[PDB]
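Quick note, the numbering used here runs 3 ahead of the 1-based positions in the sequence shown.
Every residue gets a Cβ at the ideal spot worked out from N, C-alpha and C, and that includes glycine.
In what follows, a single structure is set out as structure tokens and then discussed.
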Amino acid sequence: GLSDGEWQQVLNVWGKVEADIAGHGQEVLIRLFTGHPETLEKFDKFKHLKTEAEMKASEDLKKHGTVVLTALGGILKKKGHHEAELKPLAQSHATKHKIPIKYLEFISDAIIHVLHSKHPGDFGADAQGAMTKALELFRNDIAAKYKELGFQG
Ligand code: HEM
Ligand SMILES: [O-]
Numbered sequence: 004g005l006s007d008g009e010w011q012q013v014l015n016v017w018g019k020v021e022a023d024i025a026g027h028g029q030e031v032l033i034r035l036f037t038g039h040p041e042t043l044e045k046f047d048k049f050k051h052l053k054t055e056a057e058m059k060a061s062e063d064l065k066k067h068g069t070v071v072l073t074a075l076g077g078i079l080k081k082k083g084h085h086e087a088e089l090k091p092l093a094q095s096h097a098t099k100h101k102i103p104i105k106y107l108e109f110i111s112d113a114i115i116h117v118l119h120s121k122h123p124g125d126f127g128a129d130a131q132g133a134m135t136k137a138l139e140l141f142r143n144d145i146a147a148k149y150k151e152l153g154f155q156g
């Protein structure tokens, strides 16, 4: 898992996100949808967003980015002890939303990108390593639940 030091870096980075949760969440989803338009198709409520300008102008997209990063933050603050928090998300994303684990890889990559973009020169090599490890742990634990359920997508 992650060391004590590594969790400290994760939660330090997370403080940056928390100062503007909606702004970070918006930019994460925009990066996901523009880089991987197939992901937009999983959201009936964002399918009407035909341009990045429309995406930026959508208050509902910001609202969802808030929901998404708030959930992730709750999970990260558990420092790996997140079975209760993670299980329902795994189950809704596999059985209801039909989200392949590839799409979680995409959003993980989008979070790293957004952190650099919003905090250029203030997201150090150690911090990137730690955040990357935490997102991998999150994805790996979801993947285990996906395997239980026989879900591929
Ligand atoms: C950091 C990873 C993610 C987190 C923490 C997360 C969290 C959430 C939460 C808390 C909800 C609302 C409750 C629920 O339905 O379980 C939700 C809904 C949803 N999620 Fe995610 N999600 C993540 C990644 C993704 C990805 C990558 C996609 C698609 C590419 C996706 C698709 C959806 C959809 C389609 C909904 C329902 C949206 C609606 O209200 O119409 N999720 N997610
Ligand atoms: O989501």
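Check residue 85 in the structure and name its three-state DSSP category.
Coil.
Below 7 Å, is the gap between the Cβ of residue 61 and the nearest heavy atom of ligand 1?
No, the Cβ of residue 61 stays beyond 7 Å of every heavy atom of ligand 1.
Buried or exposed (CB count within 10 angstroms, at least 16 for buried), residue 42
Residue 42 should be labelled buried.
Cβ separation of residue 109 and residue 35, assumed to be a contact under 8 Å, to the nearest whole Å:
Going by Cβ atoms, the distance from residue 109 to residue 35 rounds to 6 Å, so yes, they are a contact pair.
Consider the C-beta atom of residue 47 and the heavy atoms of ligand 1; say whether any pair is separated by less than 7 Å.
Yes; taking the cut-off as 7 Å, the Cβ of residue 47 has a heavy atom of ligand 1 nearer than that.
Looking only at C-alpha atoms, which of 14, 123, 116 and 107 sits nearest to residue 149?
Among 14, 123, 116 and 107, the Cα nearest to that of residue 149 is on 107.
Assumed close pair residue 12, residue 129 - CB separation to whole angstroms, cut-off 8 Å:
That belief holds up - the Cβ atoms of residue 12 and residue 129 are roughly 6 Å apart, short of 8 Å.
Contact test: residue 16 Cβ vs ligand 2 heavy atom, cutoff 7 Å:
Checking every heavy atom of ligand 2 against the Cβ of residue 16, none is found closer than 7 Å.
How long is the line joining the alpha carbons of residue 153 and residue 75, rounded to whole angstroms?
Take the alpha-carbon of residue 153 and the one of residue 75: they are about 24 Å apart.
Please confirm whether any heavy atom of ligand 2 lies closer than 7 Å to the CB of residue 31.
Not so, every heavy atom of ligand 2 lies at least 7 Å from the Cβ.
Figure out for me which residue from 141, 19, 37 and 84 has the closest Cα to the Cα of residue 53.
The shortest C-alpha to C-alpha distance from residue 53 to any of 141, 19, 37 and 84 is the one to 37.
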